[PDB]
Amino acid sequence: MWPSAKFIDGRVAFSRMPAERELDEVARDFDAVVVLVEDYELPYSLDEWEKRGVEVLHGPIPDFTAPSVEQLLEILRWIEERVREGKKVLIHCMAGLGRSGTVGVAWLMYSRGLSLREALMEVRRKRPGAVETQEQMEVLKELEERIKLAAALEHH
């Protein structure tokens, strides 16, 4: 297991950007990768993943910014489809902090129904620093309220 990978359940991890020399290892350990960096941040083409038999969702998010709630939910749905096929999924930004941490917190709230508080404490335990900006934090409250609101519809 790639030591940079920070697992938030048995199948999904977040990390920093693998370097090109790290790709063979990351590919032996993961079947799918959600790449959250922008093109100019990458030091190799995303074909390198394809060549190694790894499925890619490229969901670029400019650094120190936040996805919208709809980008987040799109990423979550794709992660869920792969987990269902028996895959392991790595989510990665550049530093392993704000962007990939924001998605990882979103993954715990969606898949396990934990509060933003409990999810954020789990992600920070694995990587202190994660979720960097207040826009990142805001989108997570936005998502939390939507999750509560959707769970409330199902009760009544």
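The first residue of the shown sequence is 1; numbering continues from there.
State which stretch shows the higher mean Cα B factor in the entry: 90 to 98 or 123 to 131.
Going by the record's values, the stretch with the higher mean is 123 to 131.
Report the stretch with the higher mean CA temperature factor, choosing between 40 to 48 and 27 to 35 on the basis of the entry.
Per the PDB record, 40 to 48.
Taking the chain's C-alpha temperature factors as the reference, tell me which third residue 56 falls into: lowest, middle or highest.
Ranked within chain, residue 56 CA B lands in the middle tercile.
Could you tell me which third, lowest, middle or highest, the C-alpha B-factor of residue 104 occupies within its chain?
Residue 104: CA B-factor falls in the lowest third of its chain.
Chain third (lowest, middle, highest) by recorded CA B-factor, residue given as residue 138
Ranked within chain, residue 138 CA B lands in the highest tercile.
Report the third (lowest, middle or highest) to which the CA temperature factor of residue 116 belongs, ranking only the modelled residues of the same chain.
Within its chain, residue 116 is a lowest-third residue by C-alpha B-factor, going by the deposited values.
If you rank every modelled residue in this chain by C-alpha B factor, which third holds residue 151: lowest, middle or highest?
It falls in the top third of the chain.
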